[PDB]
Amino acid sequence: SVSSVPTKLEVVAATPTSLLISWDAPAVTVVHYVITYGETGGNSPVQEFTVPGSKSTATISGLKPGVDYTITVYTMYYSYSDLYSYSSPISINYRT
């Protein structure tokens, strides 16, 4: 019954072409996090990358100035009932 979704996803520092996002680890054994980002207006490819389960911050680079981006983070975690599985994502919007 423990949630495997991260909490408090947020941009903690920003430049016009890069973002420093952070989140709170869920109460499960997170093998690694997956960070997705793309332009909110669904006319741009979505990119994904992983960070180790020990890190709870990530940097997104190569962005465009003054553009709305949808940033999501989900976990690839271990639990007893489900072994490895992907969690539902926590998502935020942010405008560079």
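Numbers for residues come from their place in the sequence shown, where the first is 1.
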item: Segment of higher mean CA temperature factor, 58-66 or 38-46; value: 38-46
item: CA B-factor ranking of residue 78, expressed as a third of its chain; value: lowest
item: Third assignment of residue 1 from its chain's C-alpha B-factors; value: highest
item: Chain-relative CA temperature factor third for residue 19; value: highest
item: CA B-factor ranking of residue 25, expressed as a third of its chain; value: lowest
